[PDB]
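Notes for the one structure printed next.
Counting neighbours? That spans all protein chains shown, and the Cβs are built from the backbone with ideal geometry, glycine included. Values quoted throughout were computed directly from the atomic coordinates according to the rules given, and no laboratory measurement underlies them.
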Amino acid sequence: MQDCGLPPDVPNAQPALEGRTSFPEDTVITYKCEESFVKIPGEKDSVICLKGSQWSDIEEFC
C-alpha cells in the first residue's frame, strides 16, 4: 500500500514520528542522536518512504 510502517531502528538515535505509526510515500523522517551522542558531520540523519512500502537505508550517524 502507498504507506510505509515504522522506520528502521537506528542505534543511539530516535526518530520523530509526530504521533503516527503509518507514513505515506515520500514521507521524510529525521532522527535525533540520543543523550551523550553527537551526529557525525557529513552523514544522513533521515529516511524517506519509497515505493513498495520500503524505507531508504540509513547507517548509524551518532
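Hey, any hits in the range 8-18 for a residue that's part of a strand (DSSP E or B), among the hydrophobic types (A, V, I, L, M, F, W, C) and free of Cβ contacts under 8 Å to residues at least 40 places away in the same chain? Lay out the reasoning, then the answer.
Within the range 8-18, the subset part of a strand (DSSP E or B) is 13-15.
Now restrict to residues that are among the hydrophobic types (A, V, I, L, M, F, W, C): 13.
When the remaining residues are screened for being free of Cβ contacts under 8 Å to residues at least 40 places away in the same chain, the result is none.
There is no residue in the range 8-18 that is part of a strand (DSSP E or B), among the hydrophobic types (A, V, I, L, M, F, W, C) and free of Cβ contacts under 8 Å to residues at least 40 places away in the same chain.
Residue-level check: of (1) of a type outside the set (S, T, N, Q); (2) part of a strand (DSSP E or B); (3) more than 9 Å from the chain's Cα centre (by Cα), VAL47 misses just (3).
Answer yes or no: is there a residue in the range 21-33 that is free of Cβ contacts under 8 Å to residues at least 12 places away in the same chain and part of a loop (DSSP other than H, G, I, E, B). No, the range 21-33 contains no residue that is free of Cβ contacts under 8 Å to residues at least 12 places away in the same chain and part of a loop (DSSP other than H, G, I, E, B).
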